[PDB]
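**Q** Sequence isn't available, so here's the structure alone:
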Ligand SMILES: OC[C@H]1O[C@@H](n2cc(-c3ccc4ccccc4c3)nn2)[C@H](O)[C@@H](O)[C@@H]1O
């Protein structure tokens, strides 16, 4: 059908068809007479999977012979989404499979919709890990993703009476064709127990044992025949566990609960024992696997030359004292040498500056669960603080500020401090974020060891986030500049010479309209809701949080509604406002925000005077597969976090690559995006970081804004009096109270500029030609935000390895 989707050769199509029929018969034990769409999906998945295995075995063989430095990316989250189409794209199989299935009388796009998302993450941090795995394979690095195979991923979100309801994400119900269980490589993990001191050092004894069973999933590079591995650990009880009889067998569930469920919190720390167990489980099993592989190449001096461990936030921070434990207690290395190895091996990436998101574990928890690790942490702390004292003599407050141990009612360990101490590199995820780290929360550490601190601006994979989800746009780009940009996104700059090209302008606008029509149809077919495809698609999709300010968006929506009600027969640019994302189950305010959005929709969508000029839709169950649908359809991307709160954002980059314009604050990666495209081509508004600081020093008074802005006053009065909740007039009292008396994120402070900026958006949208020309300038300068660039920087500046675009033999 289209160029970028590969060749459909006679030989390939014939071979695909027969292997599809083989799997249906032998693997699924079905015939065409009883087969369902689901059976057809699985036959296709198995057929494509077969094409991976040869490459997978030969890639891993290649690494064994060449013995390169290995990269271990440790994360508690891998937000993978669907795998079928991604695999076809990276193997150049999409058109061939499309043809093969067509000839069998099947629609492949229908089959693709059957696959469950692998939802083993919450949002941005989990998705970054997934994009990173794709780029590492594409860049030919010997890289392994290590995590937990959760039985239940992020919950499925249902909306009932405007409220979020959670249901279990039973993603393994029908099986996972992409994983391979590896029970032969099962490893033991220890918990509890006590420490004994002997003449021959410390020993950790009387422990409870949980088995870690690995499951391997292939990670194909883009058309380079490289297939890397994501290894996810599953918890298993040992066979003598608790071994009246029946109860002892039933009690095995206690051990196996470790890998049962993903903690559903975005940017928020919950200090529960089960979570700590998950963190150690992944770390202990992973490190044994690493050391085993290293020994199969005595001398640990070469360890940092052959191993890099990247910590995705502090969640796997126990890798630091666990590596020390192994080197000191088991390999019998002296402390100083073990520490040198550890530091040179580990690197740490921070993803937030919000105080409530920082991991601070109660000492009493670590004392019971991991008694030896606590001892090691204390020793790390003592030695680190002796270094601080020597560098800054007499500075007693610096000592208490920098300590890994926090004093108070309950003593806690600051895991971020642990990570900085035990890593050779610490990075933030966008330039402004990395600067904030050096200037504020890690200032003391930057003063002691400035060389450790780096920036690595985030990126997204252009495979999933352009070629896969937006083939129409990928194709029109390929028509002009070729296909090489797919693995070299900087080449999109060549599109600047097409900004006054009348054919290209028409094609860019055509692709967007097609995307909007397709998405408008999706909403009717699957959710029975009517939208106008000619309206401006105004979208804010991401996890619900106060810092992300979905509430500011809400205020604008109501402002637009109130202005229409005031002057009904005045022309306004029609908008479809779409807001989606999940709230953490215990996050009350976020659940209230969802209810507000739906409540506004209930008033706005049924007002006859409004017509089809304004629609407010809550996008249910936002997840990777839904992102792939809505992002290509968007006209306006809402990136409106209070300056200084969104470390980077990655959703922003997805919208930029797919032809939406951005309205946003100068926060996270928005700053670099505007810098790349030109500020004239971005809708920037609101306080900068410096303005927020000035407001904090003076004291933020929300009443001031309420008093001086009549349009804002009206909205607050509407919310208070029960305009949006007639049956329950006080339903939104918590929201109003928060806004008026304890708003950490200064919603009112940016309201006027936001509304003004939104008017400028509507003005430009009235001129289709100039809207599209600005879009082209955005797409053309989005190259920096490829995760290929990001990973190349980690490789060269942190891991000390060279990326390669060279093919492995097929
Ligand atoms: O770096 C990738 C993205 O990471 C996002 N993020 C951060 C987190 C996060 C931070 C701290 C946590 C602490 C405990 C549990 C979960 C956590 C998640 N989840 N997502 C950040 O919010 C976003 O700015 C960034 O683009």
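**A** Sure, I can see it. Numbers count the residues shown, from 1 in each chain.
**Q** How is this structure divided into domains?
**A** Split into domains by curated CATH domains, the chain comes to 1-459+787-810, 460-786.
**Q** Can I get these in a markdown table including mean neighbour count?
**A** Placement of C-beta: from N, CA and C, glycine included. Shown next, in a markdown table, are these (neighbours: other C-beta atoms under 10 Å):
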| stretch | mean neighbour count |
| --- | --- |
| domain 1-459+787-810 | 18 |
| domain 460-786 | 19 |
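**Q** Pipe these into a markdown table and attach distance to the ligand per row.
**A** Converted to a markdown table, the domains of the chain look like this (distance: least, C-beta to the nearest ligand atom, whole Å):
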| stretch | distance to the ligand |
| --- | --- |
| domain 1-459+787-810 | 3 |
| domain 460-786 | 4 |
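**Q** which SS class is residue 190?
**A** strand (DSSP: H, G, I helix; E, B strand; the rest coil).
**Q** and it, what are its bridge partners?
**A** Counting by DSSP bridges, residue 190 forms beta bridges with residue 209.
**Q** Spatially nearest residue to residue 456 (excluding sequence neighbours)?
**A** residue 427 (4.7 Å; C-beta to C-beta, 6 or more residues apart in numbering).
**Q** can I assume that neighbour sits in a strand?
**A** Yes. Assessed with three-state DSSP, residue 427 lies in a strand.
**Q** all strands for the stretch 451-600 of the chain, in order.
**A** 453-455, 536-541, 575-580 (DSSP state E, counting those that start in this stretch).
**Q** closest one to residue 159 among the ones you listed?
**A** Ranking those by proximity to residue 159 (C-beta to C-beta) places strand 575-580 first, at 10.3 Å.
**Q** Tell me which strands the closest one pairs with, and in which orientation.
**A** Assessed with DSSP bridges, strand 575-580 is paired to strand 536-541 (parallel), strand 614-619 (parallel).
**Q** what about stretch 138-157, how long is it end to end?
**A** For stretch 138-157, the first and last residues are 33 Å from each other (C-alpha to C-alpha, to the nearest Å).
**Q** cool, and stretch 565-572?
**A** End residues of stretch 565-572 are separated by 12 Å (C-alpha to C-alpha).
**Q** so how far is that stretch off the chain centroid?
**A** 41 Å (C-alpha atoms, centre = their mean, to the nearest Å).
**Q** Check stretch 237-248 too.
**A** 39 Å.
**Q** try stretch 303-323
**A** The answer for stretch 303-323 is 20 Å, by C-alpha atoms, centre = their mean.
**Q** again with stretch 633-646
**A** For stretch 633-646 - counting by C-alpha atoms, centre = their mean - the centre lies 16 Å from the chain centre.
**Q** Same question for stretch 426-442.
**A** 19 Å.
**Q** ok, now stretch 726-735?
**A** For stretch 726-735, the distance to the chain centre is 34 Å (C-alpha atoms, centre = their mean).
**Q** contact partners of that stretch?
**A** Residues from elsewhere that reach stretch 726-735 (C-beta atoms under 8 Å, 6 or more residues apart in numbering): 551, 588-589, 592-593, 595-596, 599, 719-722, 724-725.
**Q** Over to stretch 495-505?
**A** So stretch 495-505 is contacted by 476, 477, 480, 481, 769, 772, 773, 776, 777, 779, 780, 781 (C-beta under 8 Å, 6+ apart).
**Q** from those, which two are the most distant?
**A** The most distant members of the contacts of stretch 495-505, if one measures by C-beta to C-beta, are 481 and 769, lying 21.9 Å apart.
**Q** Skipping adjacent residues, who's closest to residue 438 in space?
**A** residue 446 (4.4 Å).
**Q** I'd say the one you found and residue 453 touch.
**A** Yes. Under the criterion of C-beta atoms under 8 Å, residue 446 makes contact with residue 453 at 5.4 Å.
**Q** any shared contact partners between these two?
**A** Residues touching both residue 446 and residue 453 by C-beta under 8 Å, 6+ apart: 437, 438.
**Q** re earlier: the residue nearest to residue 456 touches residue 434, doesn't it?
**A** Yes. Contact criterion C-beta under 8 Å: residue 427 and residue 434 qualify, at 6.6 Å.
**Q** contacting residues around the closest residue to residue 314 other than its chain neighbours?
**A** Nearest residue to residue 314 in three dimensions, chain neighbours excluded: residue 415, at 3.9 Å (C-beta to C-beta, 6+ apart). Neighbouring residues of residue 415 by C-beta under 8 Å, 6+ apart: 314, 317, 358, 359, 360, 361.
**Q** again, but for residue 211
**A** Residue 211 touches 186, 187, 188, 189, 235, 236, 237, 238, counting by C-beta under 8 Å, 6+ apart.
**Q** out of everything not next to it in sequence, what's closest to the third one?
**A** What that stands for is residue 188. residue 209 (5.1 Å).
**Q** Also the first one?
**A** For residue 186, the nearest residue in space outside its immediate sequence neighbours is residue 213; the separation is 4.8 Å by C-beta to C-beta, 6+ apart.
**Q** what about that neighbour, which helix or strand?
**A** strand 208-220 (DSSP states H and E).
**Q** any idea how far that strand is from the chain center?
**A** 21 Å.
**Q** Over to stretch 544-556?
**A** 20 Å.
**Q** do the same with stretch 149-163
**A** The answer for stretch 149-163 is 17 Å, by C-alpha atoms, centre = their mean.
**Q** what are the phi and psi values for the spatially most distant residue from the centre of the chain?
**A** Within the chain, the residue lying farthest from the chain centre (C-alpha atoms, centre = their mean) is residue 199, at 47.9 Å. Per-residue torsions, residue 199: phi -60, psi -30 (degrees, to the nearest 10).
**Q** again, but for residue 114
**A** According to degrees, to the nearest 10, residue 114 has phi -80, psi -30.
**Q** ok, it - contacts?
**A** Here residue 114 is in contact with 37, 38, 41 (criterion: C-beta under 8 Å, 6+ apart).
**Q** repeat for residue 196
**A** 202, 203, 204, 205.
**Q** Where does it sit, in terms of helix or strand?
**A** strand 194-198.
**Q** what's the offset of the helix or strand just after that strand from the middle of its chain?
**A** Downstream of strand 194-198, the next assigned helix or strand under DSSP H and E is strand 201-205. The chain centroid and the centroid of strand 201-205 are separated by 39 Å, computed with C-alpha atoms, centre = their mean.
**Q** Just the residues contacting strand 201-205, thanks.
**A** Contacts for strand 201-205 (C-beta under 8 Å, 6+ apart): 190, 193-197, 325, 328-329, 332, 371-372, 375.
**Q** now the residues you listed in CSV, with distance to residue 753?
**A** Shown next, in CSV, are those (distance: C-beta to C-beta, whole Å):
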residue, distance to residue 753
190, 56
193, 58
194, 60
195, 59
196, 64
197, 64
325, 53
328, 57
329, 58
332, 63
371, 54
372, 55
375, 54
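**Q** What are the boundaries of the strands in the stretch 1-150 of the chain?
**A** Counting by DSSP E, counting those that start in this stretch, the strands of the stretch 1-150 of the chain are 70-74, 78-81, 118-120, 143-148.
**Q** quick one: contacts of the longest one?
**A** In this structure, residues lying in contact with strand 143-148 by C-beta under 8 Å, 6+ apart are 70-78, 120, 129, 132-133, 136-137, 219, 228-234, 259, 278, 281-282, 286, 289.
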